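Trainee: Once you've had a glance at the structure underneath, I'll fire off some questions.
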Amino acid sequence: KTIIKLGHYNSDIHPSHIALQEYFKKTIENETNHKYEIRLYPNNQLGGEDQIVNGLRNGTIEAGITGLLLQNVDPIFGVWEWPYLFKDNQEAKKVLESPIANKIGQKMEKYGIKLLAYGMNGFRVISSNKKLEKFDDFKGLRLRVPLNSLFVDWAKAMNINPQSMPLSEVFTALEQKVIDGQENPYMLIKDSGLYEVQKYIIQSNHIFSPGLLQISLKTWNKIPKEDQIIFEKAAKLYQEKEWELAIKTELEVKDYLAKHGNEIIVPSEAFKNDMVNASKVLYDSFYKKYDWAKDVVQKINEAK
Ligand SMILES: O=C(O)[C@@H](O)[C@@H](O)[C@H](O)[C@@H](O)CO
Numbered sequence: 182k183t184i185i186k187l188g189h190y191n192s193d194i195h196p197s198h199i200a201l202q203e204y205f206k207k208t209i210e211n212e213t214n215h216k217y218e219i220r221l222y223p224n225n226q227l228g229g230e231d232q233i234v235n236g237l238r239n240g241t242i243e244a245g246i247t248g249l250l251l252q253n254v255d256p257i258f259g260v261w262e263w264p265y266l267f268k269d270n271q272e273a274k275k276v277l278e279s280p281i282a283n284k285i286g287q288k289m290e291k292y293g294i295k296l297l298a299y300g301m302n303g304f305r306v307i308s309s310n311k312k313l314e315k316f317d318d319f320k321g322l323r324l325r326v327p328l329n330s331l332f333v334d335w336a337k338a339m340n341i342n343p344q345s346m347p348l349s350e351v352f353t354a355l356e357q358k359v360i361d362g363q364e365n366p367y368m369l370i371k372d373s374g375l376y377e378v379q380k381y382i383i384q385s386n387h388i389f390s391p392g393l394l395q396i397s398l399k400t401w402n403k404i405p406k407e408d409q410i411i412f413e414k415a416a417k418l419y420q421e422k423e424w425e426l427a428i429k430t431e432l433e434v435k436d437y438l439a440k441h442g443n444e445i446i447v448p449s450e451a452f453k454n455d456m457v458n459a460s461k462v463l464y465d466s467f468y469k470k471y472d473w474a475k476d477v478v479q480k481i482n483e484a485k
């Protein structure tokens, strides 16, 4: 009997967790005569996101959902979070279901990880103690960013002062007045309780964050193809159901946050355009330092 521990950083009521429970775990456990058990560990129980990545690579954490932190080993994996790459949720899903996304996903095997599905965490918004409604308001702003220099660079391009830290440190950084806010999808902002200590939510949607369902290659190579087909069936069902649930749930969460004291700012056309224009410096740099960037972005655009 094979026990597969599956760790992630989201809440047990995040759509990823619900879909893991109902579709991924159940499909595998039932359709393999209970030969595999998929034990779920939400909310950083098995460690923070970076620890999950490392555990997938060394095999001590057999499965997981993470974002794109493996980009610190090979930057190609971080491409999906480049700013303003996708116009909306449906376009993000369409591109992540395309051949180029599959091909980049396959490259994770070189680093010990088998990718099973691209799911959705969502577009990222800025939460803040300070009202932000025009580009000049970023000056002086101290924002936590994730453990990924892309986000450090993004923040600097916005004239924001970033401080990269693990997600588990955000509450205490706010409480200590070390930062003014952070950025993450709407559902994380609710599920985490960050909304209770962040008056303003600014709907920047600057970056789209996928949640990658992954299995350690060390684990995968012990599973015969007949059984892998069942894991793949479960991952495909997980993916369809998770996108659907995530889109539905995000709309609920947006309404919730409107009605519990938070002030949601939808950027003006000018604020929007200023953010978009400011982000171009990131792409200028990608095209200079990555020999694959021109081709990859072209294929991503062709898949839209
Ligand atoms: O804010 C966080 O901690 C996470 O949203 C990120 O670490 C995200 O999962 C990664 O995709 C960022 O590259």
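For the record, in the sequence shown the residue sitting at position 299 is 480 according to this note's numbering, with numbers rising by one throughout.
Every residue gets a Cβ at the ideal spot worked out from N, C-alpha and C, and that includes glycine.
At a Cβ threshold of 8 Å, is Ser309 touching chain C?
Mentor: Absent from the structure is chain C; it holds one protein chain and no more.
Trainee: Under a three-way DSSP split, which group does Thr400 fall into?
Mentor: Note: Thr400 maps to helix in three-state DSSP.
Trainee: Quick one, which of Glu364, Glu377 and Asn340 has its alpha-carbon nearest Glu356's?
Mentor: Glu377
Trainee: Consult DSSP for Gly362 and reduce its assignment to one of helix, strand or coil.
Mentor: In the structure shown, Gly362 sits in a strand (DSSP, three-state: E or B).
Trainee: Can you tell me whether DSSP reads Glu314 as helix, strand or coil?
Mentor: Correct three-state label for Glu314: coil.
Trainee: Count the other C-beta atoms from every protein chain shown that fall within 10 angstroms of the C-beta of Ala336, then say buried if there are 16 or more, exposed otherwise.
Mentor: buried
Trainee: Report all residues from its chain with a CB closer than 8 Å to the CB of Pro366; omit the five preceding and five following residues, and keep chain order.
Mentor: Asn302, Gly303, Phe304, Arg305, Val306, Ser390 and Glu431
Trainee: Mapping DSSP to helix, strand and coil, what is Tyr471?
Mentor: Shown here, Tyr471 sits in coil according to DSSP, grouped into three states, outside any helix or strand.
Trainee: Applying the 10 Å Cβ sphere with the 16-neighbour rule, what's the burial state of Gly321?
Mentor: With a threshold of 16 other beta carbon atoms within 10 Å, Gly321 falls short and is exposed.
Trainee: Looking only at its own chain, which residues have a Cβ that is under 8 Å from the Cβ of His441, when we skip the five neighbours before and after it?
Mentor: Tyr376
Trainee: Regarding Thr247 and ligand 1, is the C-beta to nearest heavy atom distance less than 7 Å?
Mentor: yes
Trainee: Based on the DSSP output, what are the partners of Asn342 in its beta bridges?
Mentor: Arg323
Trainee: Distance, Cα to Cα, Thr183 vs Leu393?
Mentor: 22 Å
Trainee: Which two residues bound the contiguous beta strand (DSSP E) that contains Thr247?
Mentor: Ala244 to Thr247
Trainee: Rounded to whole angstroms, what is the Cα-Cα separation between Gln479 and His387?
Mentor: 20 Å
Trainee: Suppose only complete runs of 3+ residues qualify. What are the beta strand (DSSP E) ranges in the segment 380-443, listed by chain order?
Mentor: Fully enclosed beta strand (DSSP E) runs of 3 or longer: 381-383 and 389-397.
Trainee: Okay, do the segment 313-332 and the segment 407-426 touch, 3+ Cβ pairs below 8 Å being the bar?
Mentor: no
Trainee: Hey, quick one: how far does the beta strand (DSSP E) through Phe304 stretch, first residue to last?
Mentor: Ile294 to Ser309
Trainee: Can you tell me whether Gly245 is buried or exposed? The criterion is at least 16 other CB atoms within 10 Å of its CB, across all chains shown.
Mentor: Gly245 comes out buried.
Trainee: If I follow the unbroken beta strand (DSSP E) through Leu187, where does it start and stop?
Mentor: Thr183 to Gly188
Trainee: For the 8 Å Cβ check, are there 3 or more pairs between the segment 231-250 and the segment 188-204?
Mentor: Enough Cβ pairs lie closer than 8 Å, so yes.
Trainee: Closer than 7 Å to a non-hydrogen atom of ligand 1 - does that hold for the CB of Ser449?
Mentor: When distances are taken from the beta-carbon of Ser449 to the heavy atoms of ligand 1, even the shortest one reaches 7 Å or more.
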